[PDB]
Number of protein chains: 2
Amino acid sequence: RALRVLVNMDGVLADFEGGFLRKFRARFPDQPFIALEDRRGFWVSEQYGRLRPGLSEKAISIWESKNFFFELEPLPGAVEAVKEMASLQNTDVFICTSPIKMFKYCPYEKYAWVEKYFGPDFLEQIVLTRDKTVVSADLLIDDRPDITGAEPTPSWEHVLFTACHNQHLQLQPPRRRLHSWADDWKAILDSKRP
Amino acid sequence: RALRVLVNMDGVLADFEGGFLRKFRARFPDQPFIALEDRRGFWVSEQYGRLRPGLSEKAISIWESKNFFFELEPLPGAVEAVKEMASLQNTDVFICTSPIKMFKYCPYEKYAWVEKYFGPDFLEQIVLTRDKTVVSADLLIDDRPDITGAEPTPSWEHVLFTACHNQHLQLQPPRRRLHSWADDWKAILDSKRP
Ligand SMILES: O=c1[nH]c(=O)n([C@H]2C[C@H](O)[C@@H](COP(=O)(O)O)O2)cc1/C=C/Br
Ligand SMILES: O=c1[nH]c(=O)n([C@H]2C[C@H](O)[C@@H](COP(=O)(O)O)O2)cc1/C=C/Br
Ligand SMILES: [Mg+2]
Ligand SMILES: [Mg+2]
Ligand SMILES: [Mg+2]
Ligand SMILES: [Mg+2]
């Protein structure tokens, strides 16, 4: 009866792309980089790997470093929108996020980041998983174009959240975008209500 | 098409009850304790809180301590069963576990414990969530009798995994138990296959 919305973290709430680029440039000032306007494809590591030898591994070392996830800046409007969204009648919001393979810091920092921006009580709303298809909900707002896993027919509608890496993608027509948190996310939610 | 089984961690794969009791007794040798045979009700903290003043807080300090989750011993047969279960044709296994409120160590140690007993590749199968009702699957094997949350009608059948705290409970008849990993879990899975 309540509408359930899964909201992705990196690329939707947290600015992974901008934080990575800043830290990559600071740590490797003599390496080439990829300006955000030039990002293409979900995987940062793959494009850097295509840019020059051994750059995939250097990219990876940025997000494997302590404080990388914790120090990500929220995206504009994200904290305000999700707070408003959660307070809406008949609306349950979960933050659904995938950790990286190296688990020393990432899960911890993601919990810490949510506490910081949404408060202790919002920690109950976090779902950490590598497979989003096994989480059920009416909506998934997520910047990754290809969301697959163990469940061939997920219950959610995936709404693509715009990011530098996906902004040029033509979606297969039924599919829909949320262009930024300034875009009309209430209209999207309302279209799913009974 | 593949059968999906969610397997809980504490009380099913990891011996939370025995590890807690050992560490509680070692740290508080002059406090009264609850023998496992005498455990009743899911919440360890509540029963200890009923046993004497300020014992809830002392109990909590055990599982909030570093290395508590990491150093839990697997339950008998658990690692062998889950490994066999995951290798079965048309069967996907996820470990579905709730972290405690204090997130400094618990998420990290749970990932570490899974790596230790199941290997790096099994980390992809972990779902960390306070709400299991929003994870979809055919079966949930879990020692907690009362599993509720945002989804009023979860897709899984909850099979109650026997533990000291629940062994005496009469379930509402449709509900079913897995008595230990030596019990016939394949028969339970097979009853759910198309
Ligand atoms: O290029 C990457 N970009 C990225 O976000 N990640 C990681 C970063 C994050 O933990 C998880 C976020 O995915 P979503 O929850 O937003 O879908 O995947 C990993 C790589 C490459 C690893 Br090799
Ligand atoms: O008494 C408790 N027992 C317990 O397992 N936990 C915590 C321990 C574990 O992180 C999570 C396990 O639940 P399941 O995933 O097995 O369902 O709840 C907390 C308390 C009290 C907190 Br106050
Ligand atoms: Mg993302
Ligand atoms: Mg609400
Ligand atoms: Mg349990
Ligand atoms: Mg299998």
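The numbering of chain B matches Swiss-Prot: 34-227, in order.
When the header is checked for method, it gives X-ray crystallography, 2.0 Å.
Backbone N, Cα and C define each Cβ position, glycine as well.
Database features (Swiss-Prot):
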- B:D43: active site, proton donor (ACT_SITE)
- B:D43, B:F49, B:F75, B:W76, B:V77, B:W96, B:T130, B:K165: substrate binding site (BINDING)
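In the three-state DSSP reading, B:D43 (active site, proton donor) counts as strand. Burial estimate for the binding-site residues (B:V77, B:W96, B:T130, B:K165): highest at B:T130, by number of other CB atoms within 10 Å.
Restricting the binding-site residues B:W76, B:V77, B:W96, B:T130, B:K165 to those with a CA within 10 Å of the CA of B:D43 (active site, proton donor) leaves B:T130, listed by sequence position. Considering only the residues assigned to substrate binding, B:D43, B:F49, B:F75, B:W76, B:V77, B:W96, B:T130, B:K165, the longest pairwise Cα distance works out to 21 Å.
Cβ neighbours of B:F75 (substrate binding site) (same chain, under 8 Å, six or more residues apart in sequence): B:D176, B:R177, B:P178, B:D179, B:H198, B:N199. There are 13 other CB atoms within 10 A of the CB of B:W76 (substrate binding site), with all protein chains counted. The Cβ of B:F49 (substrate binding site) has 21 neighbouring Cβ atoms from other residues within 10 Å, across all protein chains displayed. Checked against ligand 5, the binding-site residues B:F49, B:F75, B:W76, B:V77, B:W96 give no residue with a Cβ less than 6 Å away from one of its atoms. Counted within 10 Å of its Cβ, the other Cβ atoms near the residue listed as 'active site, proton donor' come to 24, all protein chains included.
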